[PDB]
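Printed here is entry-v9.txt (compact mmCIF, C-alpha atoms and all ligand atoms):
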```txt
# COMPACT_ATOMS: atom_id res chain seq x y z
CA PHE P 18 -12.81 -34.04 0.32
CA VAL P 19 -11.35 -35.86 3.36
CA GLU P 20 -8.17 -36.64 1.42
CA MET P 21 -7.37 -32.90 0.93
CA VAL P 22 -7.80 -31.93 4.58
CA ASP P 23 -4.47 -31.01 6.22
CA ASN P 24 -2.63 -30.98 2.87
CA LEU P 25 -0.79 -27.72 3.68
CA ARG P 26 2.34 -27.33 5.79
CA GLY P 27 4.80 -24.57 6.56
CA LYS P 28 6.98 -22.76 9.07
CA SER P 29 5.95 -19.49 10.69
CA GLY P 30 6.62 -16.56 8.37
CA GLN P 31 7.75 -18.76 5.44
CA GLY P 32 4.32 -19.41 3.86
CA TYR P 33 2.12 -22.43 3.25
CA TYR P 34 3.07 -25.18 0.81
CA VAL P 35 1.39 -28.16 -0.82
CA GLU P 36 2.98 -31.29 -2.23
CA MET P 37 2.94 -31.55 -6.04
CA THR P 38 4.46 -33.79 -8.72
CA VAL P 39 5.89 -32.72 -12.04
CA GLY P 40 7.09 -34.83 -14.96
CA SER P 41 7.08 -38.50 -15.89
CA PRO P 42 8.06 -40.37 -13.84
CA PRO P 43 6.67 -38.01 -11.16
CA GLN P 44 9.11 -35.74 -9.32
CA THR P 45 7.80 -34.65 -5.93
CA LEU P 46 8.19 -30.99 -4.90
CA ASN P 47 6.77 -28.80 -2.13
CA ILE P 48 5.20 -25.69 -3.60
CA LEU P 49 4.24 -22.36 -1.98
CA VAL P 50 0.55 -21.58 -2.34
CA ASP P 51 0.14 -17.96 -3.48
CA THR P 52 -3.20 -16.33 -4.33
CA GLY P 53 -1.28 -13.11 -5.06
CA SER P 54 0.48 -14.27 -8.24
CA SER P 55 -0.26 -16.38 -11.31
CA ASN P 56 2.85 -18.35 -12.38
CA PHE P 57 3.77 -21.93 -11.61
CA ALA P 58 7.56 -21.76 -11.17
CA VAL P 59 9.90 -24.30 -9.65
CA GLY P 60 13.56 -24.55 -8.74
CA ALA P 61 15.41 -26.33 -11.57
CA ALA P 62 19.03 -25.98 -10.44
CA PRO P 63 20.92 -27.00 -7.25
CA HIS P 64 20.56 -23.78 -5.25
CA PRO P 65 22.04 -24.50 -1.80
CA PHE P 66 18.76 -23.63 0.00
CA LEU P 67 16.84 -26.28 -1.96
CA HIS P 68 15.98 -29.77 -0.73
CA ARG P 69 15.32 -30.77 -4.31
CA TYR P 70 14.58 -29.35 -7.74
CA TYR P 71 12.94 -30.09 -11.09
CA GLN P 72 15.24 -32.12 -13.38
CA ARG P 73 13.76 -31.70 -16.86
CA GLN P 74 16.30 -34.21 -18.27
CA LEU P 75 14.48 -37.04 -16.40
CA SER P 76 10.97 -36.26 -17.70
CA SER P 77 9.73 -37.93 -20.91
CA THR P 78 6.71 -35.58 -20.99
CA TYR P 79 8.67 -32.34 -20.71
CA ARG P 80 8.19 -29.91 -23.61
CA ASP P 81 10.35 -26.83 -24.07
CA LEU P 82 8.54 -23.64 -25.02
CA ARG P 83 11.93 -22.09 -25.98
CA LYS P 84 11.16 -18.85 -24.19
CA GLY P 85 12.62 -17.12 -21.14
CA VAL P 86 10.73 -15.31 -18.40
CA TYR P 87 11.97 -12.55 -16.11
CA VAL P 88 10.05 -11.91 -12.85
CA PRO P 89 11.10 -9.14 -10.52
CA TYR P 90 8.61 -8.49 -7.74
CA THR P 91 8.69 -6.09 -4.80
CA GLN P 92 10.83 -8.17 -2.41
CA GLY P 93 12.87 -10.38 -4.81
CA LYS P 94 13.16 -11.86 -8.27
CA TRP P 95 13.40 -15.02 -10.31
CA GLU P 96 14.13 -15.77 -13.94
CA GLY P 97 13.59 -18.99 -15.81
CA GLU P 98 12.82 -21.06 -18.85
CA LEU P 99 9.26 -21.82 -19.91
CA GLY P 100 7.99 -25.28 -20.73
CA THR P 101 5.10 -27.64 -20.13
CA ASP P 102 4.80 -30.93 -18.34
CA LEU P 103 2.37 -33.23 -16.56
CA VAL P 104 1.48 -32.03 -13.08
CA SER P 105 -0.48 -33.62 -10.25
CA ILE P 106 -1.35 -32.86 -6.64
CA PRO P 107 -1.09 -36.08 -4.53
CA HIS P 108 -3.42 -34.80 -1.80
CA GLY P 109 -5.75 -33.15 -4.28
CA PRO P 110 -8.08 -34.30 -7.04
CA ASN P 111 -7.14 -37.61 -8.68
CA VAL P 112 -6.13 -36.02 -11.98
CA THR P 113 -3.05 -35.14 -14.03
CA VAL P 114 -2.91 -32.08 -16.27
CA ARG P 115 -0.44 -30.56 -18.72
CA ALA P 116 0.55 -27.20 -17.29
CA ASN P 117 2.95 -24.37 -17.97
CA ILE P 118 6.02 -24.61 -15.71
CA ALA P 119 8.76 -22.01 -15.42
CA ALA P 120 12.04 -23.77 -14.64
CA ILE P 121 13.79 -21.30 -12.32
CA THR P 122 17.43 -20.86 -13.33
CA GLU P 123 18.40 -17.64 -11.48
CA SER P 124 16.94 -15.93 -8.40
CA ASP P 125 17.54 -13.39 -5.69
CA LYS P 126 15.80 -13.33 -2.30
CA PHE P 127 13.13 -15.75 -3.62
CA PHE P 128 14.10 -19.02 -1.93
CA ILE P 129 14.23 -18.89 1.86
CA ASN P 130 17.20 -20.30 3.80
CA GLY P 131 15.78 -23.08 5.98
CA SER P 132 12.37 -23.42 4.29
CA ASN P 133 10.96 -26.68 2.95
CA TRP P 134 9.50 -25.48 -0.37
CA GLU P 135 11.10 -25.35 -3.84
CA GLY P 136 8.62 -23.47 -6.00
CA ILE P 137 5.55 -21.26 -6.19
CA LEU P 138 1.96 -21.93 -7.32
CA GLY P 139 0.33 -18.73 -8.48
CA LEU P 140 -3.43 -19.19 -8.14
CA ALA P 141 -4.51 -15.74 -9.37
CA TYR P 142 -5.58 -14.85 -12.91
CA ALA P 143 -3.83 -14.67 -16.28
CA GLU P 144 -3.86 -10.85 -16.39
CA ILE P 145 -0.87 -10.80 -13.98
CA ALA P 146 0.94 -13.90 -15.31
CA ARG P 147 4.50 -13.35 -16.59
CA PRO P 148 5.51 -12.67 -19.33
CA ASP P 149 1.88 -11.93 -20.30
CA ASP P 150 -1.69 -13.14 -20.14
CA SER P 151 -1.14 -15.74 -22.87
CA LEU P 152 0.70 -17.92 -20.31
CA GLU P 153 -2.24 -19.94 -18.94
CA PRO P 154 -2.07 -20.23 -15.11
CA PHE P 155 -2.15 -23.67 -13.47
CA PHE P 156 -5.69 -23.50 -12.10
CA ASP P 157 -7.03 -22.43 -15.49
CA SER P 158 -5.37 -25.50 -17.04
CA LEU P 159 -6.70 -27.78 -14.31
CA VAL P 160 -10.31 -26.64 -14.84
CA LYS P 161 -10.01 -26.64 -18.66
CA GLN P 162 -8.63 -30.18 -18.87
CA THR P 163 -10.69 -31.94 -16.17
CA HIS P 164 -14.10 -31.85 -14.46
CA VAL P 165 -12.70 -30.18 -11.36
CA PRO P 166 -15.14 -27.38 -10.46
CA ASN P 167 -13.83 -23.85 -10.87
CA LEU P 168 -13.20 -23.02 -7.23
CA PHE P 169 -10.86 -23.74 -4.35
CA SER P 170 -10.91 -22.92 -0.67
CA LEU P 171 -8.19 -22.27 1.91
CA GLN P 172 -8.14 -22.94 5.65
CA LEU P 173 -4.84 -21.59 6.95
CA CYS P 174 -4.50 -22.63 10.61
CA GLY P 175 -1.20 -21.12 11.74
CA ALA P 176 0.71 -22.88 14.56
CA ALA P 187 6.86 -23.32 14.88
CA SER P 188 5.20 -25.45 12.19
CA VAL P 189 1.96 -24.30 10.57
CA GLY P 190 -0.77 -26.34 8.90
CA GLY P 191 -3.90 -25.98 6.80
CA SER P 192 -6.12 -27.22 4.02
CA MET P 193 -6.47 -26.36 0.36
CA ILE P 194 -9.71 -27.89 -0.93
CA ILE P 195 -9.43 -28.01 -4.70
CA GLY P 196 -12.71 -27.99 -6.59
CA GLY P 197 -14.96 -27.55 -3.58
CA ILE P 198 -15.85 -26.67 -0.02
CA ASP P 199 -15.51 -28.84 3.09
CA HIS P 200 -18.22 -27.70 5.50
CA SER P 201 -16.45 -29.21 8.49
CA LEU P 202 -13.74 -26.55 8.19
CA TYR P 203 -16.01 -23.63 9.17
CA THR P 204 -18.84 -22.66 11.52
CA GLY P 205 -21.80 -20.40 10.77
CA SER P 206 -22.53 -19.19 7.24
CA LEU P 207 -20.29 -18.21 4.37
CA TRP P 208 -20.67 -14.57 3.34
CA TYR P 209 -19.58 -13.56 -0.14
CA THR P 210 -17.89 -10.44 -1.50
CA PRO P 211 -17.56 -9.89 -5.26
CA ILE P 212 -14.28 -10.27 -7.10
CA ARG P 213 -14.10 -6.78 -8.58
CA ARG P 214 -11.78 -7.69 -11.43
CA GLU P 215 -10.10 -10.99 -12.33
CA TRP P 216 -6.40 -10.26 -11.94
CA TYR P 217 -5.46 -10.38 -8.32
CA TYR P 218 -8.33 -11.57 -6.15
CA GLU P 219 -9.45 -7.97 -5.84
CA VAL P 220 -12.19 -7.00 -3.35
CA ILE P 221 -13.70 -3.79 -1.97
CA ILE P 222 -13.56 -2.80 1.71
CA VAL P 223 -16.40 -0.44 2.56
CA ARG P 224 -15.83 0.33 6.25
CA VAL P 225 -13.25 -0.23 8.97
CA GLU P 226 -13.82 -0.39 12.72
CA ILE P 227 -11.46 -0.79 15.68
CA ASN P 228 -13.34 -2.20 18.68
CA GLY P 229 -16.57 -1.19 16.90
CA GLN P 230 -15.40 2.40 16.38
CA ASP P 231 -15.54 3.58 12.77
CA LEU P 232 -12.26 5.00 11.43
CA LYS P 233 -14.49 7.47 9.50
CA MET P 234 -12.26 7.72 6.44
CA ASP P 235 -13.44 8.19 2.88
CA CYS P 236 -13.80 4.52 1.93
CA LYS P 237 -11.72 5.03 -1.24
CA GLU P 238 -8.70 5.25 1.08
CA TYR P 239 -9.24 1.63 2.16
CA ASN P 240 -8.83 0.42 -1.43
CA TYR P 241 -6.15 2.81 -2.74
CA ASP P 242 -5.10 1.54 -5.23
CA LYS P 243 -6.57 -1.94 -4.66
CA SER P 244 -7.45 -4.42 -1.91
CA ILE P 245 -6.57 -8.10 -2.40
CA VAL P 246 -6.80 -11.49 -0.69
CA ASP P 247 -3.27 -12.89 -0.60
CA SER P 248 -2.03 -16.19 0.90
CA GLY P 249 1.52 -15.20 -0.06
CA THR P 250 1.69 -12.23 2.36
CA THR P 251 2.07 -12.68 6.10
CA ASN P 252 0.78 -9.34 7.39
CA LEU P 253 -2.36 -7.30 7.11
CA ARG P 254 -1.02 -4.48 4.96
CA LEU P 255 -2.90 -1.15 4.80
CA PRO P 256 -2.45 1.97 2.66
CA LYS P 257 -0.28 4.52 4.47
CA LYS P 258 -3.07 6.95 5.40
CA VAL P 259 -5.23 4.09 6.67
CA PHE P 260 -2.41 2.46 8.61
CA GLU P 261 -1.82 5.88 10.26
CA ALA P 262 -5.44 6.12 11.40
CA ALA P 263 -5.66 2.45 12.48
CA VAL P 264 -2.49 2.59 14.59
CA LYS P 265 -3.71 5.84 16.22
CA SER P 266 -6.94 4.07 17.18
CA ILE P 267 -5.23 0.82 18.24
CA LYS P 268 -2.78 2.90 20.34
CA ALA P 269 -5.71 4.66 22.06
CA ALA P 270 -7.61 1.39 22.68
CA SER P 271 -4.59 -0.36 24.24
CA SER P 272 -3.25 2.63 26.20
CA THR P 273 -3.41 0.67 29.50
CA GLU P 274 0.12 -0.44 28.64
CA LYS P 275 2.52 1.77 26.68
CA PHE P 276 4.84 0.60 23.89
CA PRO P 277 7.70 2.17 21.90
CA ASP P 278 6.92 3.89 18.57
CA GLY P 279 9.10 1.25 16.89
CA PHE P 280 6.80 -1.59 17.96
CA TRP P 281 3.95 -0.17 15.85
CA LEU P 282 6.28 0.08 12.88
CA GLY P 283 7.38 -3.56 13.24
CA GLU P 284 10.91 -2.37 14.18
CA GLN P 285 10.98 -4.19 17.55
CA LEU P 286 9.11 -6.77 19.65
CA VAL P 287 7.09 -6.65 22.88
CA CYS P 288 7.21 -9.36 25.59
CA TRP P 289 5.27 -10.62 28.64
CA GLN P 290 5.79 -13.36 31.22
CA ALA P 291 4.83 -16.67 29.57
CA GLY P 292 1.07 -17.35 29.65
CA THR P 293 0.10 -13.85 30.84
CA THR P 294 -0.24 -11.97 27.50
CA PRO P 295 -2.98 -9.36 28.04
CA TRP P 296 -5.12 -10.13 24.97
CA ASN P 297 -8.06 -8.29 26.50
CA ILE P 298 -6.34 -4.88 26.25
CA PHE P 299 -5.96 -5.11 22.45
CA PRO P 300 -8.93 -4.24 20.22
CA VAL P 301 -10.68 -6.33 17.57
CA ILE P 302 -10.41 -5.11 13.98
CA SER P 303 -13.39 -5.27 11.63
CA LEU P 304 -13.37 -4.96 7.88
CA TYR P 305 -16.74 -4.53 6.20
CA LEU P 306 -16.74 -5.96 2.71
CA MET P 307 -19.04 -5.21 -0.24
CA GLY P 308 -21.86 -7.76 -0.18
CA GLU P 309 -23.64 -9.60 -2.96
CA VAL P 310 -26.67 -7.28 -2.98
CA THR P 311 -27.02 -3.53 -3.59
CA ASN P 312 -26.44 -1.54 -0.39
CA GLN P 313 -25.65 -4.74 1.59
CA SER P 314 -22.34 -5.52 3.32
CA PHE P 315 -20.99 -7.95 5.89
CA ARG P 316 -18.07 -7.72 8.28
CA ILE P 317 -15.18 -9.91 9.21
CA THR P 318 -13.51 -9.41 12.59
CA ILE P 319 -10.09 -10.56 13.76
CA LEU P 320 -8.50 -10.70 17.19
CA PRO P 321 -5.08 -9.64 18.51
CA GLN P 322 -4.35 -13.40 18.42
CA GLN P 323 -4.28 -12.88 14.63
CA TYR P 324 -2.39 -9.57 14.37
CA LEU P 325 0.17 -9.99 17.18
CA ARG P 326 2.50 -12.65 15.81
CA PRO P 327 4.71 -14.76 18.11
CA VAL P 328 8.48 -14.58 17.55
CA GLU P 329 10.29 -17.37 19.47
CA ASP P 336 8.82 -14.74 28.18
CA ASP P 337 6.37 -14.61 25.25
CA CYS P 338 7.28 -12.02 22.62
CA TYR P 339 5.32 -10.64 19.68
CA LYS P 340 5.59 -8.64 16.51
CA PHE P 341 2.87 -6.20 15.33
CA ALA P 342 1.84 -7.77 12.02
CA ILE P 343 -0.13 -4.87 10.55
CA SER P 344 2.00 -2.68 8.30
CA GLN P 345 1.83 0.15 5.81
CA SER P 346 1.62 -0.36 2.07
CA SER P 347 2.08 1.54 -1.17
CA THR P 348 0.30 -1.17 -3.19
CA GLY P 349 -3.11 -1.09 -1.43
CA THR P 350 -4.69 -3.28 1.23
CA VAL P 351 -3.36 -6.83 1.43
CA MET P 352 -5.43 -9.35 3.34
CA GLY P 353 -2.60 -11.74 4.15
CA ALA P 354 -2.26 -14.59 6.62
CA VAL P 355 -3.19 -12.25 9.55
CA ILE P 356 -6.68 -12.03 8.00
CA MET P 357 -6.91 -15.46 6.40
CA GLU P 358 -6.01 -17.43 9.54
CA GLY P 359 -9.27 -16.18 11.08
CA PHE P 360 -11.39 -17.62 8.29
CA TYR P 361 -12.26 -20.33 5.86
CA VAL P 362 -11.84 -18.54 2.54
CA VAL P 363 -13.63 -19.71 -0.62
CA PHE P 364 -12.19 -18.54 -3.93
CA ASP P 365 -15.40 -19.05 -5.94
CA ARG P 366 -13.99 -18.28 -9.38
CA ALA P 367 -17.09 -19.71 -11.09
CA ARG P 368 -19.28 -16.98 -9.57
CA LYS P 369 -16.63 -14.23 -9.36
CA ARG P 370 -16.87 -14.00 -5.56
CA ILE P 371 -14.89 -14.76 -2.42
CA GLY P 372 -16.58 -16.34 0.61
CA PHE P 373 -15.58 -15.90 4.25
CA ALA P 374 -16.71 -18.00 7.23
CA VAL P 375 -15.37 -18.33 10.77
CA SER P 376 -12.59 -20.92 10.66
CA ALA P 377 -13.00 -24.03 12.83
CA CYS P 378 -9.22 -23.87 13.56
CA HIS P 379 -8.68 -20.16 14.33
CA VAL P 380 -6.93 -19.14 17.52
CA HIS P 381 -9.07 -17.35 20.12
CA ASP P 382 -9.79 -17.17 23.85
CA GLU P 383 -12.70 -17.72 26.24
CA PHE P 384 -13.95 -14.11 25.77
CA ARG P 385 -13.73 -13.31 22.02
CA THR P 386 -13.78 -15.20 18.72
CA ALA P 387 -13.17 -14.15 15.13
CA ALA P 388 -16.52 -13.39 13.48
CA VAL P 389 -18.29 -13.08 10.11
CA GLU P 390 -21.59 -11.21 10.45
CA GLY P 391 -24.27 -9.65 8.28
CA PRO P 392 -26.23 -8.24 6.66
CA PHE P 393 -25.45 -4.58 7.23
CA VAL P 394 -26.82 -1.55 5.36
CA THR P 395 -23.99 0.31 3.61
CA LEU P 396 -24.60 2.99 0.98
CA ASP P 397 -22.34 4.23 -1.84
CA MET P 398 -20.22 1.05 -1.82
CA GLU P 399 -19.35 1.47 -5.52
CA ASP P 400 -17.62 4.77 -4.69
CA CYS P 401 -15.18 2.83 -2.43
CA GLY P 402 -13.36 1.29 -5.41
CA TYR P 403 -10.34 3.15 -6.82
CA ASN P 404 -10.31 3.84 -10.60
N1 LIG P 501 1.89 -12.71 -2.70
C1 LIG P 501 3.22 -12.68 -2.89
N2 LIG P 501 3.93 -13.66 -3.44
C2 LIG P 501 5.38 -13.25 -3.55
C3 LIG P 501 5.39 -11.89 -2.92
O1 LIG P 501 3.99 -11.61 -2.55
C4 LIG P 501 6.29 -14.24 -2.80
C5 LIG P 501 6.08 -14.47 -1.44
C6 LIG P 501 6.90 -15.35 -0.71
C7 LIG P 501 6.67 -15.54 0.66
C8 LIG P 501 7.67 -15.26 1.59
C9 LIG P 501 7.38 -15.45 2.94
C10 LIG P 501 6.13 -15.92 3.35
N3 LIG P 501 5.20 -16.17 2.45
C11 LIG P 501 5.43 -16.01 1.14
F1 LIG P 501 4.44 -16.31 0.30
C12 LIG P 501 7.91 -16.03 -1.39
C13 LIG P 501 8.11 -15.82 -2.75
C14 LIG P 501 7.32 -14.93 -3.47
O2 LIG P 501 7.56 -14.79 -4.81
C15 LIG P 501 6.74 -14.01 -5.56
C16 LIG P 501 5.71 -13.23 -5.05
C17 LIG P 501 4.94 -12.45 -5.93
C18 LIG P 501 5.21 -12.45 -7.30
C19 LIG P 501 4.49 -11.69 -8.25
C20 LIG P 501 4.81 -11.74 -9.61
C21 LIG P 501 4.17 -11.01 -10.59
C22 LIG P 501 2.74 -10.68 -10.18
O3 LIG P 501 2.69 -10.08 -8.87
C23 LIG P 501 3.43 -10.85 -7.87
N4 LIG P 501 6.22 -13.23 -7.74
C24 LIG P 501 6.96 -13.98 -6.92
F2 LIG P 501 7.94 -14.74 -7.42
```
Turn the structure described in the file into structure tokens.
Ligand SMILES: NC1=N[C@@]2(CO1)c1cc(-c3cccnc3F)ccc1Oc1c2cc(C2=CCCOC2)nc1F
Amino acid sequence: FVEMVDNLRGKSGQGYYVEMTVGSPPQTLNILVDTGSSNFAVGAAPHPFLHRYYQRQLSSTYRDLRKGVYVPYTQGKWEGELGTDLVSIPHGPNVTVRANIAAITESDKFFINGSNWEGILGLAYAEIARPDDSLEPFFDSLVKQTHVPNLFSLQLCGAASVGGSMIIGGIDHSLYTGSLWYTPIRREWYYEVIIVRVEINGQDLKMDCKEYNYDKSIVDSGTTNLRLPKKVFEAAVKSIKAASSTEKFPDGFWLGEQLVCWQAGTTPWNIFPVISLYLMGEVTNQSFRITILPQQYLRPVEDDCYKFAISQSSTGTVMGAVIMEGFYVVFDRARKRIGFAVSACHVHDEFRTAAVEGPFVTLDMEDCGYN
């Protein structure tokens, strides 16, 4: 899969995108890779933020579905017109498929001023596609129409420009060290998983594990932060505050309301704790744990300054880029599981590294899921 390595680009905080083509002749667009949604939707009008946009009038293979779609989401919205066309991924498998495409014709707070992408590729399942689950997602079409295996993997490398790899239809073993460890996909909608335990510097938060997954926990390339349910965020910040109490910081820093700075090259990584999430394993009463460093959860904002990139949530746990940049993540749709391995590109120091370890004995893991 050498050709797919390094096929993702981005800017810090603006997501990861992959190059795609749509239509005949092919129109090249950069498309945000989002495992937290399920629509393929592209700019189709000259919004001033856009470098380029889909011009359906130039495509001989465009077909109008004569149906609108309206997509508000928590931080923005887009609306558009549904159709189909031929779609390929230049630095992906050597195939062309006919996919659903929403031509975006109105939006608010969707496109980012200064970003280099023009659309979104929702890689999650049909259950959360708009307008409904009859609108086949891209990846479903790709697998249905070709011999591409039903999985993809993401190595998000971070930095400012960011880079990474989306391996479509397989796994590139050069992108990780150690073994992959798999957690089940609980339900095929979001990439929903179950967190069974949480430790800060090896110290158990000791919460009822249902709280960790209230009302769900997902793996989401389209979210920057690690987001935690309110009650869990409360407890985690308390523990992270206690662990790092060598230095003191304003209450606003922990709420993401202000930054913290140090003299360039002297950031005291050592005073900040590691964070471990234990995930439901593949076997009864078996779990494994993934562990990230402050290098993952303290995000640079360009003295070296940083934002606290763990935040509270009313929509459950979201394992965003803060988690994913530690790991090579395998979305093994064929076996309804997600694999984690230590990423060969993750940022660490001479003392600590991100880790994926197991097996551990964990009882009552089925009670951790919210119903
Ligand atoms: N996972 C996730 N994707 C976002 C929000 O959270 C989304 C994120 C971004 C974004 C912004 C900054 C950095 N990274 C990003 F992915 C941009 C557009 C966008 O646009 C959409 C998103 C989510 C959705 C959803 C639609 C219906 C199903 O649930 C989500 N729709 C969007 F249009």
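The gap separating CA of residue 87 (chain P) from CA of residue 69 (chain P) is 22.0 Å, in Å to one decimal.
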(request) All residues within 7 Å of ligand LIG 501 (chain P) are required, counting all atoms listed in the file; please report them as a ChimeraX atom specification. (result) /P:30-32,49,51-55,88-95,127-128,137,145-147,247-251
(request) Using all atoms listed in the file, determine which residues lie at most 10 Å from residue 120 (chain P), disregarding the query and same-chain residues fewer than 4 positions distant; provide the list as a ChimeraX atom specification. (result) /P:57-62,70-73,85-86,95-101,136
Produce the centre coordinates and the three edge lengths, each in Å to one decimal, of the box along x, y and z that contains all listed atoms of region 106-116 of chain P with 6 Å added on each side, as lines of an AutoDock Vina configuration file.
```
center_x = -3.8
center_y = -32.4
center_z = -10.3
size_x = 20.6
size_y = 22.4
size_z = 28.9
```
(message) Considering only C-alpha atoms, can you say which of P:171, P:76, P:48, P:195 comes closest to residue 108 (chain P)?
(response) P:195
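Interatomic distance, CA of residue 324 (chain P) against CA of residue 352 (chain P): 11.4 Å.
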(request) Pick out the closest residue to residue 234 (chain P) from this set: P:401, P:176, P:355, P:39. Count all atoms listed in the file. (result)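 Comparing P:401, P:176, P:355, P:39 against residue 234 (chain P), the winner is P:401.
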(message) Nearest residue to residue 41 (chain P) out of P:375, P:398, P:25, P:114, using only C-alpha atoms?
(response)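 Smallest distance to residue 41 (chain P) is found for P:114.
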(request) Enter the distance from CA of residue 209 (chain P) to CA of residue 140 (chain P), in Å, rounded to one decimal. (result)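 So the two atoms, CA of residue 209 (chain P) and CA of residue 140 (chain P), lie 18.9 Å apart.
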(request) Determine, counting all atoms listed in the file, every residue of protein, DNA or RNA that lies within 12 Å of (-13.8, 7.1, -0.6) in the file coordinates, then give the result as a PyMOL selection string. (result) chain P and resi 221-224+233-242+259+396-404
(message) I'd like the neighbourhood of residue 296 (chain P) as a list in words, where a residue qualifies if any of its atoms comes within 9 Å (using all atoms listed in the file), though same-chain residues fewer than 5 positions away should be ignored.
(response)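 Here the answer would be residues 320, 321, 322 and 382 of chain P.
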(request) Determine, counting all atoms listed in the file, which protein, DNA and RNA residues have an atom within 12 Å of an atom of residue 23 (chain P); residues of the same chain fewer than 4 positions away are not included. Present the result as a ChimeraX atom specification. (result) /P:18-19,27,33-36,108-109,171-175,189-194,199,202,378
Just the residues within 9 Å of residue 393 (chain P), please, counting only C-alpha atoms, with nothing from its chain fewer than 4 positions along; format it as a PDB file with C-alpha atoms, in the frame of the given file.
```
ATOM      1  CA  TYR P 305     -16.740  -4.530   6.200  1.00  0.00           C
ATOM      2  CA  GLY P 308     -21.860  -7.760  -0.180  1.00  0.00           C
ATOM      3  CA  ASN P 312     -26.440  -1.540  -0.390  1.00  0.00           C
ATOM      4  CA  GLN P 313     -25.650  -4.740   1.590  1.00  0.00           C
ATOM      5  CA  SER P 314     -22.340  -5.520   3.320  1.00  0.00           C
ATOM      6  CA  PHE P 315     -20.990  -7.950   5.890  1.00  0.00           C
ATOM      7  CA  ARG P 316     -18.070  -7.720   8.280  1.00  0.00           C
TER       8      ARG P 316
END
```
(request) Take the point (5.4, -5.2, 26.0) as written in the file and pick out every residue within 8 Å of it, counting all atoms listed in the file; give the list as a ChimeraX atom specification. (result) /P:274-276,286-289,338
Could you produce a table of the residues of region 191-263 of chain P lying within 12 Å of region 383-388 of chain P, with the nearest pair of atoms per residue and their separation in Å rounded to one decimal, using all atoms listed in the file, ordered by chain and increasing residue number, as a tab-separated table?
```
residue	atom	partner	partner_atom	distance
P:203	CA	P:388	CA	11.1
P:204	CA	P:388	CA	9.8
P:205	CA	P:388	CA	9.2
P:206	CA	P:388	CA	10.4
P:207	CA	P:388	CA	11.0
P:208	CA	P:388	CA	11.0
P:228	CA	P:385	CA	11.6
```
(message) My list of candidates is P:325, P:281, P:351, P:133. Which is closest to residue 255 (chain P) when distances are computed with only C-alpha atoms?
(response) P:351
(request) For each of P:340, P:369, P:268, P:161, take the minimum atom-to-atom distance to residue 113 (chain P), counting only C-alpha atoms, then give the residue where this is smallest. (result)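 Under the stated criterion, the closest residue is P:161.
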(request) Would you please work out which residue, of P:377, P:282, P:354, P:220, is nearest to residue 201 (chain P) when using only C-alpha atoms? (result) P:377
(request) Compile the contact shell of residue 365 (chain P) as a ChimeraX atom specification: residues with an atom at most 12 Å away, counting all atoms listed in the file, same-chain residues fewer than 3 positions apart removed. (result) /P:141,166-171,194-198,207-212,215,218,362,368-373
Mind filling out region 155-162 of chain P with N, CA, C and O atoms and sending it as a PDB file, in the coordinates of the input?
```
ATOM      1  N   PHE P 155      -1.857 -22.281 -13.825  1.00  0.00           N
ATOM      2  CA  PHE P 155      -2.150 -23.670 -13.470  1.00  0.00           C
ATOM      3  C   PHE P 155      -3.635 -23.982 -13.286  1.00  0.00           C
ATOM      4  O   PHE P 155      -4.163 -24.966 -13.854  1.00  0.00           O
ATOM      5  N   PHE P 156      -4.303 -23.183 -12.463  1.00  0.00           N
ATOM      6  CA  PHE P 156      -5.690 -23.500 -12.100  1.00  0.00           C
ATOM      7  C   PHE P 156      -6.606 -23.446 -13.334  1.00  0.00           C
ATOM      8  O   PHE P 156      -7.530 -24.256 -13.472  1.00  0.00           O
ATOM      9  N   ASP P 157      -6.317 -22.522 -14.237  1.00  0.00           N
ATOM     10  CA  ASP P 157      -7.030 -22.430 -15.490  1.00  0.00           C
ATOM     11  C   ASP P 157      -6.853 -23.720 -16.292  1.00  0.00           C
ATOM     12  O   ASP P 157      -7.824 -24.288 -16.806  1.00  0.00           O
ATOM     13  N   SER P 158      -5.627 -24.231 -16.339  1.00  0.00           N
ATOM     14  CA  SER P 158      -5.370 -25.500 -17.040  1.00  0.00           C
ATOM     15  C   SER P 158      -6.093 -26.666 -16.396  1.00  0.00           C
ATOM     16  O   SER P 158      -6.666 -27.518 -17.100  1.00  0.00           O
ATOM     17  N   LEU P 159      -6.045 -26.728 -15.065  1.00  0.00           N
ATOM     18  CA  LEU P 159      -6.700 -27.780 -14.310  1.00  0.00           C
ATOM     19  C   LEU P 159      -8.197 -27.854 -14.627  1.00  0.00           C
ATOM     20  O   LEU P 159      -8.720 -28.938 -14.869  1.00  0.00           O
ATOM     21  N   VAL P 160      -8.865 -26.708 -14.601  1.00  0.00           N
ATOM     22  CA  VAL P 160     -10.310 -26.640 -14.840  1.00  0.00           C
ATOM     23  C   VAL P 160     -10.625 -26.942 -16.315  1.00  0.00           C
ATOM     24  O   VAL P 160     -11.580 -27.642 -16.613  1.00  0.00           O
ATOM     25  N   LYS P 161      -9.788 -26.458 -17.223  1.00  0.00           N
ATOM     26  CA  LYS P 161     -10.010 -26.640 -18.660  1.00  0.00           C
ATOM     27  C   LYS P 161      -9.907 -28.106 -19.066  1.00  0.00           C
ATOM     28  O   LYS P 161     -10.667 -28.577 -19.918  1.00  0.00           O
ATOM     29  N   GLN P 162      -8.984 -28.831 -18.441  1.00  0.00           N
ATOM     30  CA  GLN P 162      -8.630 -30.180 -18.870  1.00  0.00           C
ATOM     31  C   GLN P 162      -9.324 -31.295 -18.094  1.00  0.00           C
ATOM     32  O   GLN P 162      -9.182 -32.470 -18.439  1.00  0.00           O
TER      33      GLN P 162
END
```
